[PDB]
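A lone chain, given as structure tokens: the form deposited in one PDB entry.
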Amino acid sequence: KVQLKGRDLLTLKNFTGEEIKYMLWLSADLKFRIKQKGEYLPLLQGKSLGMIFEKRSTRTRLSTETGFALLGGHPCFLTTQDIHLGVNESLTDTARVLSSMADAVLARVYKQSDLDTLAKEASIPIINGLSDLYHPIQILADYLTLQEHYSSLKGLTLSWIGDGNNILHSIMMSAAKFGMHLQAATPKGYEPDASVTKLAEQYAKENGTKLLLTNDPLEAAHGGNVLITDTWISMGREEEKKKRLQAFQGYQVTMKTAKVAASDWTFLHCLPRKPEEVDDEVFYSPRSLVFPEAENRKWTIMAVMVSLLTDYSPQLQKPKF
């Protein structure tokens, strides 16, 4: 009863829990057949993907490139020195050329509005590879990982400790739909987007789930099942970016932070990780799901591509969510 074929994945805001669940289900299916059973499934044979990156990457680049190729399609890697975007060409014109030459586009851009324009003009699916506002494909990998750990998701309390960035916005746009609670801590002045937050409340209300916003790392960690953080220091090289080193004091996740969380707690980090966000004790702790989380970036982006470009239907039995 889920029809995803042909849709864009710009943000989890537009997907119902039933649809996001279909994608994780497909993720499990694909992982089972390929990784466990060892089968070869050329589901994307004859297809191509335009990967436009305005920023560095490895996790997204690698997972998306090997993933698309693993199903028989051809991934096409493009950067700012390749595209004419911004320099020698409009956006409406680029969306049209791409729409006749690729079957889908995955774009990592600075502005979310650019993805909106792109989708408005393109006639092939547009997938958000990360933007200022959201990073939905990261959340898909996170949930599948949590699912693989706890056997279900409903009821879990996610504790966010870090900046009010794209990861949190994507978590806010989806946690409630899985019946999960969200307790988030961000320094004053680094709150998540006001309109995003306003929508997370409504989701929390419609699904009977908790939504706690605080500036206290420990208040957020308190009672949580999953501790989640992410690099908060800006790449903006500057001895004046100390503001973040000064505003984020007490945010480093350590065993102290875990002391106040649920006993069955696990840890998540989208990577790359630095020694500020979390220490090595928690990070390399057997409670850390960082690496299984990274690997799931591959299976989930594969699932996204398959469900937006094919009619393939899952073999595996629907997982317990």
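We number the residues from 1 along the sequence you see. Between two forms, the rigid core is defined as the largest C-alpha subset superposing within 1.5 Å.
Looking at mean Cα B-factors across 109-117 and 139-147, the upper value is held by 109-117. Relative to one another, 278-286 and 32-40 have unequal mean CA B-factors, and 278-286 is the one with the higher figure. Taking the PDB entry at face value, the top CA B factor among 177, 181, 169, 84 belongs to 84.
For the set 131, 246, 100, 157, the maximum C-alpha B-factor listed in the entry falls on 246.
In this PDB entry, the Cα temperature factor of residue 257 sits in the top third of its chain's modelled residues, the highest group.
In the PDB entry, residue 59 places in the highest third of its chain by CA B-factor. In the deposited entry, the Cα temperature factor of residue 126 sits in the bottom third of values across the chain's modelled residues. The PDB entry assigns residue 263 a C-alpha temperature factor belonging to the highest third of its chain's modelled residues.
Per the deposited record, the Cα B-factor of residue 47 falls in the lowest third when ranked against the other modelled residues of its chain.
A second form of this protein, the form deposited in another entry, is not displayed here; the remarks below concern that form.
Rigid core superposed between this form and the one not shown, residues 241, 154, 198, 210 considered: the one with a C-alpha shift of 2 Å or more is 241.
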